[PDB]
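The structure file model-v8.cif is reproduced below (mmCIF, C-alpha atoms and all ligand atoms).
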data_target
#
loop_
_atom_site.group_PDB
_atom_site.id
_atom_site.type_symbol
_atom_site.label_atom_id
_atom_site.label_comp_id
_atom_site.auth_asym_id
_atom_site.auth_seq_id
_atom_site.Cartn_x
_atom_site.Cartn_y
_atom_site.Cartn_z
ATOM 1 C CA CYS A 369 85.162 11.336 -31.313
ATOM 2 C CA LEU A 370 86.862 14.798 -31.231
ATOM 3 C CA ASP A 371 90.710 14.504 -31.137
ATOM 4 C CA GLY A 372 90.025 12.057 -28.277
ATOM 5 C CA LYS A 373 87.927 8.844 -28.359
ATOM 6 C CA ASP A 374 84.522 7.499 -27.156
ATOM 7 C CA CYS A 375 83.614 9.913 -24.314
ATOM 8 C CA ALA A 376 82.868 6.915 -22.134
ATOM 9 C CA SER A 377 86.113 5.041 -22.865
ATOM 10 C CA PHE A 378 88.450 8.011 -23.404
ATOM 11 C CA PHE A 379 87.569 9.136 -19.863
ATOM 12 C CA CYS A 380 86.716 5.920 -18.049
ATOM 13 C CA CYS A 381 89.346 3.189 -18.175
ATOM 14 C CA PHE A 382 86.849 0.360 -17.715
ATOM 15 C CA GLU A 383 88.802 -1.687 -20.257
ATOM 16 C CA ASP A 384 91.198 -4.146 -18.585
ATOM 17 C CA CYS A 385 89.505 -3.400 -15.257
ATOM 18 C CA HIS A 396 89.636 -6.257 -11.569
ATOM 19 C CA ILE A 397 91.043 -9.398 -9.920
ATOM 20 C CA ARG A 398 94.281 -7.584 -8.992
ATOM 21 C CA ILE A 399 93.257 -7.411 -5.313
ATOM 22 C CA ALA A 400 96.169 -9.688 -4.355
ATOM 23 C CA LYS A 401 98.604 -6.765 -4.796
ATOM 24 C CA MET A 402 96.724 -4.522 -2.338
ATOM 25 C CA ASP A 403 99.372 -4.854 0.383
ATOM 26 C CA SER A 404 102.014 -3.700 -2.100
ATOM 27 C CA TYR A 405 99.887 -0.597 -2.641
ATOM 28 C CA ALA A 406 99.151 -0.037 1.045
ATOM 29 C CA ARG A 407 102.831 -0.136 2.044
ATOM 30 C CA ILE A 408 103.230 3.128 0.100
ATOM 31 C CA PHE A 409 99.650 4.383 0.210
ATOM 32 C CA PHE A 410 99.039 4.295 3.972
ATOM 33 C CA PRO A 411 102.326 5.870 5.157
ATOM 34 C CA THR A 412 102.525 8.600 2.501
ATOM 35 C CA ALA A 413 98.969 9.862 3.051
ATOM 36 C CA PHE A 414 99.576 10.138 6.801
ATOM 37 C CA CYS A 415 102.700 12.230 6.212
ATOM 38 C CA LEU A 416 100.762 14.607 3.956
ATOM 39 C CA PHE A 417 98.023 15.004 6.560
ATOM 40 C CA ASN A 418 100.643 15.370 9.265
ATOM 41 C CA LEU A 419 102.484 18.061 7.313
ATOM 42 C CA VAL A 420 99.332 20.051 6.640
ATOM 43 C CA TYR A 421 98.193 19.711 10.243
ATOM 44 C CA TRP A 422 101.343 21.170 11.733
ATOM 45 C CA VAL A 423 101.489 23.990 9.203
ATOM 46 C CA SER A 424 97.824 24.776 9.765
ATOM 47 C CA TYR A 425 98.533 25.343 13.479
ATOM 48 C CA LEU A 426 102.166 26.480 13.701
ATOM 49 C CA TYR A 427 103.077 29.281 11.273
ATOM 50 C CA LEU A 428 99.635 30.452 10.110
ATOM 51 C CA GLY A 429 97.341 29.588 13.042
ATOM 52 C CA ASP B 668 93.580 52.421 6.022
ATOM 53 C CA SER B 669 93.898 51.519 2.348
ATOM 54 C CA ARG B 670 90.277 50.233 2.386
ATOM 55 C CA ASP B 671 90.578 48.842 -1.189
ATOM 56 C CA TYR B 672 93.756 46.709 -1.101
ATOM 57 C CA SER B 673 94.185 47.323 -4.829
ATOM 58 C CA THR B 674 97.892 46.452 -4.943
ATOM 59 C CA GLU B 675 97.323 43.062 -3.289
ATOM 60 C CA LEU B 676 94.629 42.233 -5.842
ATOM 61 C CA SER B 677 96.891 43.364 -8.687
ATOM 62 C CA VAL B 678 99.893 41.292 -7.603
ATOM 63 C CA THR B 679 97.879 38.149 -6.861
ATOM 64 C CA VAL B 680 96.090 38.526 -10.213
ATOM 65 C CA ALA B 681 99.484 38.781 -11.916
ATOM 66 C CA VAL B 682 100.818 35.681 -10.147
ATOM 67 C CA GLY B 683 97.677 33.676 -10.898
ATOM 68 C CA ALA B 684 97.740 34.750 -14.542
ATOM 69 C CA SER B 685 101.388 33.689 -14.749
ATOM 70 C CA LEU B 686 100.627 30.257 -13.298
ATOM 71 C CA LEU B 687 97.640 29.723 -15.602
ATOM 72 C CA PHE B 688 99.775 30.797 -18.559
ATOM 73 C CA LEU B 689 102.366 28.196 -17.552
ATOM 74 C CA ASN B 690 99.665 25.515 -17.422
ATOM 75 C CA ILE B 691 98.173 26.591 -20.768
ATOM 76 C CA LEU B 692 101.614 26.614 -22.384
ATOM 77 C CA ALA B 693 102.211 23.079 -21.106
ATOM 78 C CA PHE B 694 98.821 21.948 -22.422
ATOM 79 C CA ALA B 695 99.427 23.529 -25.837
ATOM 80 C CA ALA B 696 102.893 21.971 -26.089
ATOM 81 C CA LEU B 697 101.422 18.573 -25.238
ATOM 82 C CA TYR B 698 98.589 19.008 -27.752
ATOM 83 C CA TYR B 699 101.069 19.798 -30.528
ATOM 84 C CA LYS B 700 102.655 16.386 -29.697
ATOM 85 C CA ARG C 17 112.452 12.396 -22.259
ATOM 86 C CA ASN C 18 109.436 14.525 -23.144
ATOM 87 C CA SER C 19 106.802 12.229 -21.613
ATOM 88 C CA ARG C 20 108.390 12.015 -18.161
ATOM 89 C CA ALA C 21 109.084 15.753 -18.363
ATOM 90 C CA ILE C 22 105.435 16.672 -18.953
ATOM 91 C CA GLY C 23 104.428 14.216 -16.233
ATOM 92 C CA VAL C 24 106.794 15.832 -13.727
ATOM 93 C CA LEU C 25 105.613 19.321 -14.682
ATOM 94 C CA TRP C 26 101.986 18.228 -14.282
ATOM 95 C CA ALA C 27 102.799 16.831 -10.840
ATOM 96 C CA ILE C 28 104.529 20.082 -9.849
ATOM 97 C CA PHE C 29 101.552 22.167 -10.979
ATOM 98 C CA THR C 30 99.243 19.787 -9.107
ATOM 99 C CA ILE C 31 101.241 20.342 -5.912
ATOM 100 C CA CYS C 32 101.097 24.101 -6.495
ATOM 101 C CA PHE C 33 97.319 23.890 -6.886
ATOM 102 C CA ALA C 34 97.147 21.933 -3.628
ATOM 103 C CA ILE C 35 99.107 24.680 -1.856
ATOM 104 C CA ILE C 36 96.757 27.300 -3.317
ATOM 105 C CA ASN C 37 93.711 25.276 -2.240
ATOM 106 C CA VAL C 38 94.837 24.847 1.365
ATOM 107 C CA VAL C 39 95.897 28.506 1.514
ATOM 108 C CA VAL C 40 92.520 29.826 0.337
ATOM 109 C CA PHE C 41 90.782 27.386 2.684
ATOM 110 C CA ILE C 42 92.657 28.445 5.819
ATOM 111 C CA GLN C 43 92.858 32.205 5.356
ATOM 112 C CA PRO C 44 89.963 34.512 6.363
ATOM 113 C CA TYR C 45 90.794 37.402 3.995
ATOM 114 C CA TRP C 46 88.113 36.577 1.423
ATOM 115 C CA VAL C 47 85.930 39.702 1.711
ATOM 116 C CA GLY C 48 87.070 43.061 3.060
ATOM 117 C CA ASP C 49 85.789 46.456 4.140
ATOM 118 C CA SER C 50 85.779 49.900 2.523
ATOM 119 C CA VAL C 51 85.511 53.567 3.484
ATOM 120 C CA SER C 52 81.728 53.251 3.186
ATOM 121 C CA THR C 53 81.877 50.284 5.579
ATOM 122 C CA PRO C 54 80.782 51.391 9.098
ATOM 123 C CA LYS C 55 82.637 48.662 11.008
ATOM 124 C CA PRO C 56 86.145 47.744 9.756
ATOM 125 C CA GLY C 57 86.967 44.063 9.629
ATOM 126 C CA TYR C 58 87.113 40.978 7.453
ATOM 127 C CA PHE C 59 85.556 37.529 7.244
ATOM 128 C CA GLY C 60 86.080 34.237 5.424
ATOM 129 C CA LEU C 61 84.602 30.758 5.420
ATOM 130 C CA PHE C 62 84.808 30.190 9.196
ATOM 131 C CA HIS C 63 87.276 32.669 10.746
ATOM 132 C CA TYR C 64 86.390 36.367 10.902
ATOM 133 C CA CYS C 65 87.573 39.495 12.722
ATOM 134 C CA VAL C 66 85.420 42.543 13.487
ATOM 135 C CA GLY C 67 86.521 45.935 14.770
ATOM 136 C CA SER C 68 85.464 47.149 18.199
ATOM 137 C CA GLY C 69 85.915 50.777 17.156
ATOM 138 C CA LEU C 70 86.722 52.058 20.647
ATOM 139 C CA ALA C 71 89.893 54.073 19.897
ATOM 140 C CA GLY C 72 91.651 52.263 17.025
ATOM 141 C CA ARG C 73 90.593 48.919 15.554
ATOM 142 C CA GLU C 74 91.116 46.285 18.295
ATOM 143 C CA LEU C 75 89.775 43.653 15.908
ATOM 144 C CA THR C 76 88.210 40.867 17.949
ATOM 145 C CA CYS C 77 88.711 37.610 16.047
ATOM 146 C CA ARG C 78 86.317 34.681 16.315
ATOM 147 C CA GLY C 79 85.386 31.588 14.350
ATOM 148 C CA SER C 80 86.984 28.280 13.423
ATOM 149 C CA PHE C 81 85.828 25.418 11.226
ATOM 150 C CA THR C 82 86.162 23.078 14.222
ATOM 151 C CA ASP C 83 83.271 24.873 15.942
ATOM 152 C CA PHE C 84 79.858 24.804 14.240
ATOM 153 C CA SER C 85 78.173 27.351 16.555
ATOM 154 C CA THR C 86 80.308 30.243 15.225
ATOM 155 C CA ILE C 87 79.641 30.099 11.466
ATOM 156 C CA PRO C 88 77.388 33.068 10.504
ATOM 157 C CA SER C 89 75.205 30.977 8.172
ATOM 158 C CA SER C 90 74.755 27.466 6.822
ATOM 159 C CA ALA C 91 75.877 28.680 3.387
ATOM 160 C CA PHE C 92 79.359 29.282 4.792
ATOM 161 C CA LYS C 93 79.155 25.842 6.423
ATOM 162 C CA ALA C 94 78.420 24.218 3.061
ATOM 163 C CA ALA C 95 81.175 26.232 1.370
ATOM 164 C CA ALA C 96 83.719 25.159 3.991
ATOM 165 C CA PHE C 97 82.561 21.542 3.692
ATOM 166 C CA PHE C 98 82.947 21.558 -0.089
ATOM 167 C CA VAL C 99 86.398 23.137 0.164
ATOM 168 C CA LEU C 100 87.231 20.370 2.656
ATOM 169 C CA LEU C 101 86.291 17.751 0.067
ATOM 170 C CA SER C 102 88.348 19.622 -2.545
ATOM 171 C CA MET C 103 91.418 19.647 -0.288
ATOM 172 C CA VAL C 104 90.937 15.970 0.580
ATOM 173 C CA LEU C 105 90.633 14.997 -3.090
ATOM 174 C CA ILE C 106 93.734 16.899 -4.200
ATOM 175 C CA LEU C 107 95.702 15.444 -1.278
ATOM 176 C CA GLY C 108 94.451 11.996 -2.266
ATOM 177 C CA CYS C 109 95.820 12.408 -5.765
ATOM 178 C CA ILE C 110 99.105 13.723 -4.340
ATOM 179 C CA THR C 111 99.204 10.425 -2.456
ATOM 180 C CA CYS C 112 98.390 8.653 -5.734
ATOM 181 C CA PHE C 113 101.611 10.122 -7.166
ATOM 182 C CA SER C 114 103.388 7.558 -4.996
ATOM 183 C CA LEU C 115 101.289 4.739 -6.537
ATOM 184 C CA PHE C 116 103.105 4.773 -9.898
ATOM 185 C CA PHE C 117 105.616 2.076 -8.924
ATOM 186 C CA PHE C 118 102.910 -0.636 -8.948
ATOM 187 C CA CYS C 119 99.985 0.562 -11.076
ATOM 188 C CA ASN C 120 100.381 1.431 -14.741
ATOM 189 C CA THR C 121 100.506 5.110 -15.670
ATOM 190 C CA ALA C 122 97.483 4.942 -17.992
ATOM 191 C CA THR C 123 95.237 4.225 -14.977
ATOM 192 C CA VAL C 124 96.877 6.492 -12.376
ATOM 193 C CA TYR C 125 96.716 9.574 -14.605
ATOM 194 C CA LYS C 126 93.029 8.811 -15.171
ATOM 195 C CA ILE C 127 92.446 8.413 -11.425
ATOM 196 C CA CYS C 128 93.916 11.842 -10.695
ATOM 197 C CA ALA C 129 92.074 13.262 -13.705
ATOM 198 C CA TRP C 130 88.773 12.228 -12.144
ATOM 199 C CA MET C 131 89.932 13.259 -8.659
ATOM 200 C CA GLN C 132 91.008 16.727 -9.804
ATOM 201 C CA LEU C 133 87.750 17.160 -11.716
ATOM 202 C CA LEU C 134 85.772 16.242 -8.589
ATOM 203 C CA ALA C 135 87.869 18.681 -6.553
ATOM 204 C CA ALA C 136 87.131 21.369 -9.145
ATOM 205 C CA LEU C 137 83.390 20.680 -8.953
ATOM 206 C CA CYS C 138 83.499 20.841 -5.153
ATOM 207 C CA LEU C 139 85.473 24.093 -5.190
ATOM 208 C CA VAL C 140 83.200 25.831 -7.709
ATOM 209 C CA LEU C 141 80.120 24.683 -5.793
ATOM 210 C CA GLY C 142 81.583 26.133 -2.599
ATOM 211 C CA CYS C 143 82.525 29.368 -4.362
ATOM 212 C CA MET C 144 78.998 29.684 -5.758
ATOM 213 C CA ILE C 145 77.446 29.002 -2.353
ATOM 214 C CA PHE C 146 79.689 31.426 -0.428
ATOM 215 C CA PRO C 147 78.109 34.732 -1.626
ATOM 216 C CA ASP C 148 74.716 33.305 -0.632
ATOM 217 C CA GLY C 149 75.889 33.436 3.000
ATOM 218 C CA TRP C 150 76.219 37.231 3.155
ATOM 219 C CA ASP C 151 72.597 37.444 4.369
ATOM 220 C CA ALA C 152 73.789 36.660 7.914
ATOM 221 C CA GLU C 153 73.138 39.395 10.459
ATOM 222 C CA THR C 154 76.817 39.869 11.344
ATOM 223 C CA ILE C 155 77.829 40.297 7.695
ATOM 224 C CA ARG C 156 75.015 42.804 7.171
ATOM 225 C CA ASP C 157 76.020 44.714 10.309
ATOM 226 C CA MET C 158 79.691 44.866 9.325
ATOM 227 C CA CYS C 159 79.473 45.437 5.555
ATOM 228 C CA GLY C 160 76.234 47.424 5.602
ATOM 229 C CA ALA C 161 72.481 47.188 5.260
ATOM 230 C CA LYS C 162 72.404 46.997 1.457
ATOM 231 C CA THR C 163 74.864 44.083 1.528
ATOM 232 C CA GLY C 164 73.065 40.819 0.916
ATOM 233 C CA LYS C 165 72.735 37.743 -1.268
ATOM 234 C CA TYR C 166 75.084 38.338 -4.224
ATOM 235 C CA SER C 167 75.319 42.009 -3.184
ATOM 236 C CA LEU C 168 78.777 43.134 -2.080
ATOM 237 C CA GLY C 169 77.748 46.680 -1.193
ATOM 238 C CA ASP C 170 80.441 48.436 0.814
ATOM 239 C CA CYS C 171 82.563 45.293 1.103
ATOM 240 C CA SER C 172 84.795 43.990 -1.689
ATOM 241 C CA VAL C 173 86.373 40.681 -2.659
ATOM 242 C CA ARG C 174 89.919 40.369 -1.319
ATOM 243 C CA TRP C 175 92.923 38.491 -2.723
ATOM 244 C CA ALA C 176 91.746 35.130 -1.376
ATOM 245 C CA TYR C 177 88.401 34.883 -3.203
ATOM 246 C CA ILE C 178 89.953 35.671 -6.572
ATOM 247 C CA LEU C 179 92.767 33.297 -5.575
ATOM 248 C CA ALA C 180 90.101 30.617 -5.133
ATOM 249 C CA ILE C 181 88.892 31.403 -8.659
ATOM 250 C CA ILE C 182 92.516 31.050 -9.809
ATOM 251 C CA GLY C 183 92.587 27.674 -8.067
ATOM 252 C CA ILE C 184 89.346 26.716 -9.817
ATOM 253 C CA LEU C 185 90.885 27.413 -13.217
ATOM 254 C CA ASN C 186 94.032 25.542 -12.170
ATOM 255 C CA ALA C 187 91.911 22.550 -11.163
ATOM 256 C CA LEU C 188 90.090 22.539 -14.502
ATOM 257 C CA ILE C 189 93.213 22.842 -16.647
ATOM 258 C CA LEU C 190 95.126 20.277 -14.576
ATOM 259 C CA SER C 191 92.191 17.870 -14.877
ATOM 260 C CA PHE C 192 92.162 18.240 -18.665
ATOM 261 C CA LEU C 193 95.952 17.840 -18.738
ATOM 262 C CA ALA C 194 95.701 14.609 -16.746
ATOM 263 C CA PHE C 195 92.894 13.326 -18.982
ATOM 264 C CA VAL C 196 94.916 13.854 -22.153
ATOM 265 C CA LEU C 197 98.094 12.496 -20.527
ATOM 266 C CA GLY C 198 96.421 9.257 -19.446
ATOM 267 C CA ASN C 199 95.435 8.314 -22.984
ATOM 268 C CA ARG C 200 98.724 9.651 -24.362
ATOM 269 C CA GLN C 201 101.755 7.357 -24.207
HETATM 270 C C1 LIG D 801 94.523 11.782 4.431
HETATM 271 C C2 LIG D 801 94.122 12.695 3.286
HETATM 272 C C3 LIG D 801 93.541 11.886 2.142
HETATM 273 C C4 LIG D 801 93.170 13.799 3.734
HETATM 274 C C5 LIG D 801 93.663 14.670 4.882
HETATM 275 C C6 LIG D 801 92.867 15.961 5.063
HETATM 276 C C7 LIG D 801 93.364 16.869 6.209
HETATM 277 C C8 LIG D 801 94.627 17.608 5.772
HETATM 278 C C9 LIG D 801 92.264 17.814 6.740
HETATM 279 C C10 LIG D 801 91.047 17.043 7.303
HETATM 280 C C11 LIG D 801 90.426 17.935 8.392
HETATM 281 C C12 LIG D 801 91.178 19.264 8.260
HETATM 282 C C13 LIG D 801 91.104 20.292 9.398
HETATM 283 C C14 LIG D 801 89.651 20.665 9.673
HETATM 284 C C15 LIG D 801 89.515 21.920 10.475
HETATM 285 C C16 LIG D 801 90.479 22.807 10.676
HETATM 286 C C17 LIG D 801 90.221 24.040 11.512
HETATM 287 C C18 LIG D 801 90.681 25.311 10.823
HETATM 288 O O1 LIG D 801 90.504 26.425 11.703
HETATM 289 C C19 LIG D 801 92.132 25.188 10.422
HETATM 290 C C20 LIG D 801 92.337 23.986 9.500
HETATM 291 C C21 LIG D 801 91.889 22.646 10.115
HETATM 292 C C22 LIG D 801 92.828 22.289 11.284
HETATM 293 C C23 LIG D 801 91.896 21.549 9.006
HETATM 294 C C24 LIG D 801 93.303 21.210 8.486
HETATM 295 C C25 LIG D 801 93.319 20.126 7.410
HETATM 296 C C26 LIG D 801 92.606 18.839 7.853
HETATM 297 C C27 LIG D 801 93.373 18.168 9.008
HETATM 298 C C1 LIG D 802 112.043 -3.760 -2.765
HETATM 299 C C2 LIG D 802 111.043 -4.418 -1.851
HETATM 300 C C3 LIG D 802 110.521 -3.498 -0.787
HETATM 301 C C4 LIG D 802 109.802 -2.286 -1.313
HETATM 302 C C5 LIG D 802 108.916 -1.634 -0.296
HETATM 303 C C6 LIG D 802 108.274 -0.346 -0.734
HETATM 304 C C7 LIG D 802 109.030 0.883 -0.313
HETATM 305 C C8 LIG D 802 109.018 1.147 1.172
HETATM 306 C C9 LIG D 802 107.772 1.812 1.678
HETATM 307 C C10 LIG D 802 107.863 2.230 3.122
#

When written as structure tokens, how does the structure in this file appear?
Ligand SMILES: CC(C)CCC[C@@H](C)[C@H]1CC[C@H]2[C@@H]3CC=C4C[C@@H](O)CC[C@]4(C)[C@H]3CC[C@]12C
Ligand SMILES: CCCCCCCCCC
Amino acid sequence: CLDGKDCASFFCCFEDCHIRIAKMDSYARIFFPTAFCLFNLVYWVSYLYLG
Amino acid sequence: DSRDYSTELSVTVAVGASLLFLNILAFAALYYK
Amino acid sequence: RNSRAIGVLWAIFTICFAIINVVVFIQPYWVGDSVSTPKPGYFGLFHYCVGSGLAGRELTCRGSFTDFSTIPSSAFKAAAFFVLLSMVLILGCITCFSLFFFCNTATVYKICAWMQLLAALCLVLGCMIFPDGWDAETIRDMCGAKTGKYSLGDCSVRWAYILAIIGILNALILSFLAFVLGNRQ
């Protein structure tokens, strides 16, 4: 309504959203490893150089 | 010793202001579209 | 060319904000001493060092977020908890960067927009709650008697507290950037 669109829809992408659960493995194969690495990285830093 | 640490505050304020100015410049450039 | 460029720059700034967030979380140099301060030292969310004052400083250091019997007050506990949620949320969106190959951009940018906004809310709530924790007896003893709730007194805000405010503003502007990017293109 102000250079954007309906506050509810400009923010929330409820449109076209979901029976796409079948692709979850394809997400997890990237989502589960990557997250661990991030945590791992932070962990070591948080105890090695600056602990 | 220093007991105020004024120089540290000044330099970190400068760096933060620089980074915010980068973000604001990016946002303005995107808004011009 | 321009769209992927602004996306990459937004991702880089998001990573920089994550570094700032973890740095302000870990470090104890939030609030410092002054000449009027009787006992030299410093303290943060969980980790704090206080001077013995025998001959030099000999700052004994105590406190870690892992232990919950060493936090001066529950206000610092809540602040540390909220900064934990902020760090977790920003790291979650950094993970979501890797989700672009499968999900469409218009949804992933929105997901990080909401995640960064939630991280910003958590960080500002923690920052608001942190001054409320200066009523603890150790903080009063170190800073001074007149130090209290929203009363710095002898002590002063160090680089890390204002750096947390810098991170707050970064979180807000990055959230707005992600919101506009998601609808754009
Ligand atoms: C997997 C993703 C989504 C979230 C990961 C969050 C990680 C990075 C968080 C969760 C708990 C956190 C730890 C909690 C407590 C402490 C003790 C403190 O004295 C140093 C930091 C340290 C060691 C934290 C480091 C970061 C940490 C390991
Ligand atoms: C091309 C098919 C395989 C893609 C797998 C996803 C990348 C590897 C993640 C560890």

Near segment 23-26 of chain C, within 10 Å and counting all atoms listed in the file, which residues show up once chain neighbours fewer than 5 positions away are dropped, as a list in words? residues 689, 690, 693 and 694 of chain B; 18, 31, 32, 121, 125, 190, 191, 193, 194, 197 and 198 of chain C

Could you save the residues just selected, with C-alpha atoms, as a PDB file, in the coordinates of the input?
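Here's the written file result.pdb:
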ATOM      1  CA  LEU B 689     102.366  28.196 -17.552  1.00  0.00           C
ATOM      2  CA  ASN B 690      99.665  25.515 -17.422  1.00  0.00           C
ATOM      3  CA  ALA B 693     102.211  23.079 -21.106  1.00  0.00           C
ATOM      4  CA  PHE B 694      98.821  21.948 -22.422  1.00  0.00           C
TER       5      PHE B 694
ATOM      6  CA  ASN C  18     109.436  14.525 -23.144  1.00  0.00           C
ATOM      7  CA  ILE C  31     101.241  20.342  -5.912  1.00  0.00           C
ATOM      8  CA  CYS C  32     101.097  24.101  -6.495  1.00  0.00           C
ATOM      9  CA  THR C 121     100.506   5.110 -15.670  1.00  0.00           C
ATOM     10  CA  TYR C 125      96.716   9.574 -14.605  1.00  0.00           C
ATOM     11  CA  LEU C 190      95.126  20.277 -14.576  1.00  0.00           C
ATOM     12  CA  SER C 191      92.191  17.870 -14.877  1.00  0.00           C
ATOM     13  CA  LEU C 193      95.952  17.840 -18.738  1.00  0.00           C
ATOM     14  CA  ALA C 194      95.701  14.609 -16.746  1.00  0.00           C
ATOM     15  CA  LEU C 197      98.094  12.496 -20.527  1.00  0.00           C
ATOM     16  CA  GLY C 198      96.421   9.257 -19.446  1.00  0.00           C
TER      17      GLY C 198
END

Could you check the closest approach to ligand LIG 802 (chain D) for each of C:107, C:79, C:114, C:27 and tell me which residue wins, using all atoms listed in the file? C:114

Return as a ChimeraX atom specification the residues belonging to chain B that are within 6 Å of chain C, counting only C-alpha atoms. /B:670,676,683

Please evaluate the PyMOL selection byres (((not hetatm)) within 6 of (chain D and resi 801)) against the structure above and give the resulting residues as a compact mmCIF listing (two decimals) with C-alpha atoms, in the coordinates of the input.
# COMPACT_ATOMS: atom_id res chain seq x y z
CA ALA A 413 98.97 9.86 3.05
CA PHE A 414 99.58 10.14 6.80
CA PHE A 417 98.02 15.00 6.56
CA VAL A 420 99.33 20.05 6.64
CA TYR A 421 98.19 19.71 10.24
CA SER A 424 97.82 24.78 9.76
CA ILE C 42 92.66 28.44 5.82
CA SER C 80 86.98 28.28 13.42
CA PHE C 81 85.83 25.42 11.23
CA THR C 82 86.16 23.08 14.22
CA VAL C 104 90.94 15.97 0.58
CA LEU C 107 95.70 15.44 -1.28
CA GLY C 108 94.45 12.00 -2.27

Please return the centre and edge lengths, in Å to one decimal, of a box with edges along x, y and z that contains all listed atoms of segment 383-406 of chain A, widened by 5 Å on every side, as AutoDock Vina command-line options.
--center_x 95.4 --center_y -4.9 --center_z -9.6 --size_x 23.2 --size_y 19.7 --size_z 31.3

For the structure provided, state which residues fall under the PyMOL selection byres (((chain C and resi 89) around 10) and not hetatm), and present them as a PyMOL selection string. chain C and resi 61-62+84-88+90-94+146+148-155

Let's have the selection written as a compact mmCIF listing (two decimals), in the coordinates of the input, with C-alpha atoms.
# COMPACT_ATOMS: atom_id res chain seq x y z
CA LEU C 61 84.60 30.76 5.42
CA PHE C 62 84.81 30.19 9.20
CA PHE C 84 79.86 24.80 14.24
CA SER C 85 78.17 27.35 16.56
CA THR C 86 80.31 30.24 15.22
CA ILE C 87 79.64 30.10 11.47
CA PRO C 88 77.39 33.07 10.50
CA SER C 90 74.76 27.47 6.82
CA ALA C 91 75.88 28.68 3.39
CA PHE C 92 79.36 29.28 4.79
CA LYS C 93 79.16 25.84 6.42
CA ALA C 94 78.42 24.22 3.06
CA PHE C 146 79.69 31.43 -0.43
CA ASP C 148 74.72 33.30 -0.63
CA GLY C 149 75.89 33.44 3.00
CA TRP C 150 76.22 37.23 3.16
CA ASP C 151 72.60 37.44 4.37
CA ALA C 152 73.79 36.66 7.91
CA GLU C 153 73.14 39.40 10.46
CA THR C 154 76.82 39.87 11.34
CA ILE C 155 77.83 40.30 7.70

Enumerate as an MDAnalysis selection string the residues belonging to chain C that approach chain A to within 9 Å, with all atoms listed in the file taken into account. chainID C and resid 38 42:43 107:108 110:112 114:115 117:119 122:123 126 129:130 195:196 198:199

Produce a file of the selected residues containing C-alpha atoms, as a PDB file, in the coordinates of the input.
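Written output follows (part-v9.pdb):
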ATOM      1  CA  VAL C  38      94.837  24.847   1.365  1.00  0.00           C
ATOM      2  CA  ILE C  42      92.657  28.445   5.819  1.00  0.00           C
ATOM      3  CA  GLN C  43      92.858  32.205   5.356  1.00  0.00           C
ATOM      4  CA  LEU C 107      95.702  15.444  -1.278  1.00  0.00           C
ATOM      5  CA  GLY C 108      94.451  11.996  -2.266  1.00  0.00           C
ATOM      6  CA  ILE C 110      99.105  13.723  -4.340  1.00  0.00           C
ATOM      7  CA  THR C 111      99.204  10.425  -2.456  1.00  0.00           C
ATOM      8  CA  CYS C 112      98.390   8.653  -5.734  1.00  0.00           C
ATOM      9  CA  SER C 114     103.388   7.558  -4.996  1.00  0.00           C
ATOM     10  CA  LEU C 115     101.289   4.739  -6.537  1.00  0.00           C
ATOM     11  CA  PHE C 117     105.616   2.076  -8.924  1.00  0.00           C
ATOM     12  CA  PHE C 118     102.910  -0.636  -8.948  1.00  0.00           C
ATOM     13  CA  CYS C 119      99.985   0.562 -11.076  1.00  0.00           C
ATOM     14  CA  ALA C 122      97.483   4.942 -17.992  1.00  0.00           C
ATOM     15  CA  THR C 123      95.237   4.225 -14.977  1.00  0.00           C
ATOM     16  CA  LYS C 126      93.029   8.811 -15.171  1.00  0.00           C
ATOM     17  CA  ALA C 129      92.074  13.262 -13.705  1.00  0.00           C
ATOM     18  CA  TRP C 130      88.773  12.228 -12.144  1.00  0.00           C
ATOM     19  CA  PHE C 195      92.894  13.326 -18.982  1.00  0.00           C
ATOM     20  CA  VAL C 196      94.916  13.854 -22.153  1.00  0.00           C
ATOM     21  CA  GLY C 198      96.421   9.257 -19.446  1.00  0.00           C
ATOM     22  CA  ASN C 199      95.435   8.314 -22.984  1.00  0.00           C
TER      23      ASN C 199
END

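Every protein or nucleic acid residue with an atom no more than 8 Å from residue 60 of chain C, counting only C-alpha atoms and leaving out same-chain residues fewer than 4 positions away, appears here: residues 43, 44, 45, 46, 47 and 64 of chain C.
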
Any chance you can output those residues with C-alpha atoms as a PDB file, in the frame of the given file?
ATOM      1  CA  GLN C  43      92.858  32.205   5.356  1.00  0.00           C
ATOM      2  CA  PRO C  44      89.963  34.512   6.363  1.00  0.00           C
ATOM      3  CA  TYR C  45      90.794  37.402   3.995  1.00  0.00           C
ATOM      4  CA  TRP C  46      88.113  36.577   1.423  1.00  0.00           C
ATOM      5  CA  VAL C  47      85.930  39.702   1.711  1.00  0.00           C
ATOM      6  CA  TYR C  64      86.390  36.367  10.902  1.00  0.00           C
TER       7      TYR C  64
END

Write out as JSON, numbers by chain the residues lying within 10 Å of residue 138 of chain C, counting only C-alpha atoms and excluding same-chain residues fewer than 3 positions away. {"C": [95, 97, 98, 99, 100, 101, 102, 103, 105, 132, 133, 134, 135, 141, 142, 143, 144, 184]}

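Between atom CA of residue 77 of chain C and atom CA of residue 162 of chain C lies a distance of 23.8 Å.
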
In Å, with one decimal, what is the gap from atom CA of residue 158 of chain C to atom CA of residue 65 of chain C? 10.1 Å

For a quick check of understanding, using all atoms listed in the file, which of C:57, C:169, C:116, C:139 has the smallest distance to ligand LIG 802 (chain D)?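 With all atoms listed in the file as the atom set, the closest residue is C:116.
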
Rounded to one decimal, what separation in Å do you get between atom CA of residue 147 of chain C and atom CA of residue 167 of chain C?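 Result for atom CA of residue 147 of chain C versus atom CA of residue 167 of chain C: 7.9 Å, one decimal.
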
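Within 7 Å of residue 67 of chain C, once all atoms listed in the file are used and residues closer than 6 positions along the same chain are dropped, the contacting residues are residues 55, 56, 57, 73, 74, 75 and 76 of chain C.
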